[PDB]
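**Q**
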Amino acid sequence: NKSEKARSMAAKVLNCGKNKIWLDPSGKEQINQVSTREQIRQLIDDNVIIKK
Amino acid sequence: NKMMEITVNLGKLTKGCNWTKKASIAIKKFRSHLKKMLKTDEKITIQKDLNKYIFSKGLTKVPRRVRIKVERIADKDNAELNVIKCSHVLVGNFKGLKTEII
Amino acid sequence: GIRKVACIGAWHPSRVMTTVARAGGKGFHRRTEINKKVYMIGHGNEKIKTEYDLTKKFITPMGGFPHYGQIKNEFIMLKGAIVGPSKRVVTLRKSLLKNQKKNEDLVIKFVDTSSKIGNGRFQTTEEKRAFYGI
Amino acid sequence: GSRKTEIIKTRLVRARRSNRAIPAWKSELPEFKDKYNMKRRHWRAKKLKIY
RNA sequence: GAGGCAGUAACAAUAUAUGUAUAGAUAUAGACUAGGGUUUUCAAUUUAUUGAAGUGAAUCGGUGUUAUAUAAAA
RNA sequence: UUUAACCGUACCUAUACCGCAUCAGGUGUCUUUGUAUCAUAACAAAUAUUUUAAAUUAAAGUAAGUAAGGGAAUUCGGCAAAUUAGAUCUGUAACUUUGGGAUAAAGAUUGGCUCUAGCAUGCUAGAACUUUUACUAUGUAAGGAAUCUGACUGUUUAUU
RNA sequence: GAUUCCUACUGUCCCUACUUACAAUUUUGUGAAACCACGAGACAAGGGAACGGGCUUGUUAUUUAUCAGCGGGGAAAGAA
RNA sequence: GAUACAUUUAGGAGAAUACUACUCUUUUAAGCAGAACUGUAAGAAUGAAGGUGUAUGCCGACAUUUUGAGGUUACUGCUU
Ligand SMILES: [Mg+2]
Ligand SMILES: [Mg+2]
Ligand SMILES: [Mg+2]
Ligand SMILES: [Mg+2]
Ligand SMILES: [Mg+2]
Ligand SMILES: [Mg+2]
Ligand SMILES: [Mg+2]
Ligand SMILES: [Mg+2]
Ligand SMILES: [Mg+2]
Ligand SMILES: [Mg+2]
Ligand SMILES: [Mg+2]
Ligand SMILES: [Mg+2]
Ligand SMILES: [Mg+2]
Ligand SMILES: [Mg+2]
Ligand SMILES: [Mg+2]
Ligand SMILES: [Mg+2]
Ligand SMILES: [Mg+2]
Ligand SMILES: [Mg+2]
Ligand SMILES: [Mg+2]
Ligand SMILES: [Mg+2]
Ligand SMILES: [Mg+2]
Ligand SMILES: [Mg+2]
Ligand SMILES: [Mg+2]
Ligand SMILES: [Mg+2]
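Residue numbers (PDB author numbering), protein chains in the order written: chain LR0, 8 to 59; chain LDD, 8 to 109; chain LB0, 241 to 374; chain LLL, 2 to 52.
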């Protein structure tokens with residue numbers, strides 16, 4: 008359950024707040040293996056991590 | 008196995024409680040009300056769209072009446088035990104509606 | 241605080257006397273009062289007619305008594321206030337005193353039957369529908 | 002406070018090094034089987050007085 | 001070193017049958033200096049313990065001049 | 001152009017400072033969106049945090065409201081609370097160190113909609129129609145007549 | 001700044017009544033201090049260091065071992 | 001103290017309640033009706049001191065009719 012690492016890193020990439028990020032519970036498996044900035048930018052394009 | 012439909016007004020149940028917590032009290036009084044009717048003492052569970060409708064005005068105010076449907080389902084812990092689930096039913100005008108058995 | 245008594249006792253005697261006022265429970269006591277006059281004796285199902293009215297009516301007001309309902313039995317009607325709330329046992333007995341003073345007769349003109357819930361303006365149900373005209 | 006002189010940084014580096022527990026390779030020896038450090042400090046409790 | 005008073009005074013206590021979400025609730029927020037000194041980041045075990053990694057300057061501060069015989073990080 | 005040396009560059013602005021503490025106290029400078037016909041006050045954005053006992057029923061407390069008739073009779077003393085208040089137009093006394101007193105005191109007007117009339121073109125006068133009548137959610141002077149003392153603006157026993 | 005009188009105004013008063021929130025009354029968790037010669041039930045009079053809880057003659061309480069209030073007394077506690 | 005009887009519970013309601021205790025008990029709650037409180041709902045049509053200009057067309061505070069209407073049950077009684 009590495010949810011807190013995803014919320015904080017994705018806030019830096021888009022220059023946005025933490026409360027606007029919406030994770031997707033369907034793609035639960037892919038988020039537990041993130042470690043780089045590069046893997047996040049593919050997750051935004053697949054609309055697993057979207058902005059409110 | 009038969010289903011029910013009841014109309015329950017929360018303005019009668021929550022008359023004269025402290026208004027700082029009127030929505031949150033209206034859930035606990037709602038649970039003890041159906042234990043009065045149904046004699047069975049297993050449990051009473053609430054669907055999420057029913058819970059969201061009660062908190063629609065805020066903590067201080069509670070809407071007047073609501074229309075519900077009640078059924079008995081199986082438990083998520085033991086297969087042979089049971090539990091009771093409640094769900095919301097949309098209706099505009101409450102005049103003339105009686106409790107029916109599906 | 242304000243709603244209290246200031247001094248309880250003096251120095252000597254160095255105890256608190258039983259005559260002072262002290263806070264405690266109230267109500268549900270037993271009382272007994274005398275000299276209540278009897279005005280009317282009858283039955284609830286019957287209609288009571290006087291001389292000074294033209295209409296005849298029952299004893300139960302419109303919408304019933306509050307928290308009671310209707311009267312379907314024999315009853316008594318007496319003057320004044322009576323101990324206790326509604327729907328509780330009340331014991332009636334004869335008087336101990338003798339040499340009661342003679343008075344004159346009792347002439348009852350009419351008995352009221354309006355609704356006791358709100359401000360009621362009508363006596364019977366026929367006066368209500370003749371007013372609005374259905 | 003991100004503006005230090007030369008002496009303040011050299012003293013602060015040495016004070017970080019001395020706050021450590023006993024290493025694990027020494028604790029297996031018979032001399033230091035149950036012995037533990039007593040001169041540790043906490044950064045919120047006690048202050049270092051360096052200025 | 002250990003009693004009575006005493007588990008007494010005094011403080012803390014949001015909703016959901018399936019949830020990395022749907023709602024409720026309180027508080028304006030962000031940068032330089034003085035002070036603090038590894039609290040930073042990550043991994044493993046449960047505002048803790050141990051172990052690694054992390055601070056890059058010709059043009060951003062000091063090092064220069066003086067305040068009528070030791071003075072400026074505005 | 002193997003020319004431009006030496007030192008600091010992580011992080012916290014208050015649950016990462018000082019008050020023996022995860023203390024309702026204290027601490028230099030700057031920046032910060034929208035409605036708001038003088039402003040103020042207030043609300044919303046932005047951003048950051050947060051999980052599960054009971055209740056139409058005590059007494060006496062700490063706060064906030066309302067009151068028939070009388071109106072300071074309570075009390076050392078009108079202590080506490082209440083009344084007045086914005087803006088436009090009339091009107092303004094005794095006294096005087098001739099500057100003031102004075103915003104003295106005392107009256108009248110105030111919404112919404114449809115137009116007319118000026119020129120400076122967004123400000124000001126007037127008219128007709130209509131209603132359970134208009135600064136009042138927030139903010140906003142009680143007034144008058146005398147006596148003792150200090151000329152005035154200013155300062156003082158950090159903690160009676 | 002200190003003092004007296006008129007007008008308006010009002011629960012200051014005659015004489016108090018009603019409603020709401022937070023603490024209190026009921027439950028779970030963390031969990032102290034002042035004070036303590038002995039206190040094992042309480043009074044009337046007496047003498048006594050001339051105002052007794054205990055001494056001397058008299059009159060008297062008692063719910064299976066409680067709970068919530070109150071400020072008469074312990075010449076109540078603080079400070080040679 | 002006398003005369004009868006016993007080794008006598010669980011869940012709800014209030015005329016009873018700080019927690020205990022008390023008075024009663026097998027029917028819970030919707031919808032109608034009786035009886036009341038507020039004072040005329042939304043929508044629709046017809047008007048309106050006027051104003052624009054041609055489209056018998058747009059913009060108008062408010063008024064009348066549908067309407068003693070609409071809404072609610074800290075009082076009694078019916079029905080499934
Ligand atoms: Mg109440
Ligand atoms: Mg420094
Ligand atoms: Mg508390
Ligand atoms: Mg660490
Ligand atoms: Mg840096
Ligand atoms: Mg930095
Ligand atoms: Mg600061
Ligand atoms: Mg500190
Ligand atoms: Mg603080
Ligand atoms: Mg209460
Ligand atoms: Mg009055
Ligand atoms: Mg009056
Ligand atoms: Mg007087
Ligand atoms: Mg007097
Ligand atoms: Mg005053
Ligand atoms: Mg006008
Ligand atoms: Mg002076
Ligand atoms: Mg002083
Ligand atoms: Mg409370
Ligand atoms: Mg004695
Ligand atoms: Mg004597
Ligand atoms: Mg006690
Ligand atoms: Mg001495
Ligand atoms: Mg009793």
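We put the beta carbon where it would ideally sit given N, CA and C, even for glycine.
In the DSSP output, what is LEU318 (chain LB0) paired with across the bridge?
**A** Answer by DSSP bridge pairing, in chain order: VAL278 (chain LB0).
**Q** Pick helix, strand or coil for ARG72 (chain LDD), following the three-state DSSP scheme.
**A** Note: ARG72 (chain LDD) maps to strand in three-state DSSP.
**Q** Does the distance from the CB of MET302 (chain LB0) to the CB of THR364 (chain LB0) come in under 9 Å?
**A** Cβ atoms of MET302 (chain LB0) and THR364 (chain LB0): closer than 9 Å.
**Q** Taking three-plus beta-carbon pairs below 8 Å as touching, is the segment 295-309 of chain LB0 in contact with the segment 345-361 of chain LB0?
**A** Output reads yes: the segment 345-361 of chain LB0 touches the segment 295-309 of chain LB0.
**Q** Would you tell me roughly how many angstroms separate the C-alpha atoms of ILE53 (chain LDD) and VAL323 (chain LB0), rounded to the nearest one?
**A** Spanning the two alpha carbons is a distance of roughly 50 Å.
**Q** Can the beta-carbon of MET11 (chain LDD) be found less than 9 Å from the beta-carbon of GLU87 (chain LDD)?
**A** Not closer than 9 Å, so no.
**Q** Just the Cα atoms here: how many angstroms apart are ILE311 (chain LB0) and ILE288 (chain LB0)?
**A** Answer to the nearest angstrom: the Cα atoms are 14 Å apart.
**Q** If distances are taken between C-alpha atoms only, which option among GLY309 (chain LB0), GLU286 (chain LB0) and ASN313 (chain LB0) comes closest to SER326 (chain LB0)?
**A** It is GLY309 (chain LB0) whose Cα lies nearest to the Cα of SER326 (chain LB0).
**Q** Among the candidates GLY2 (chain LLL), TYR37 (chain LLL) and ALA22 (chain LLL), whose CA atom is the shortest distance from the CA of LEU13 (chain LLL)?
**A** The candidate whose alpha carbon is nearest that of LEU13 (chain LLL) is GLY2 (chain LLL).
**Q** Consult DSSP for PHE305 (chain LB0) and reduce its assignment to one of helix, strand or coil.
**A** Note: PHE305 (chain LB0) maps to strand in three-state DSSP.
**Q** According to DSSP, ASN89 (chain LDD) sits in a beta bridge with which residue or residues?
**A** According to DSSP, which records beta bridges pairwise, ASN89 (chain LDD) is partnered with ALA81 (chain LDD).
**Q** For the alpha helix (DSSP H) that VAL20 (chain LR0) lies in, which residues bound it at each end?
**A** Element bounds for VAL20 (chain LR0): 10-21.
**Q** Can you name, in chain order, every residue of its own chain whose Cβ lies under 7 Å from the Cβ of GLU49 (chain LDD), other than the five neighbours on each side?
**A** Correct list, in chain order: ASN89, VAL90 and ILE91.
**Q** Return helix, strand or coil for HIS269 (chain LB0), following the three-state DSSP convention.
**A** Note: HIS269 (chain LB0) maps to coil in three-state DSSP.
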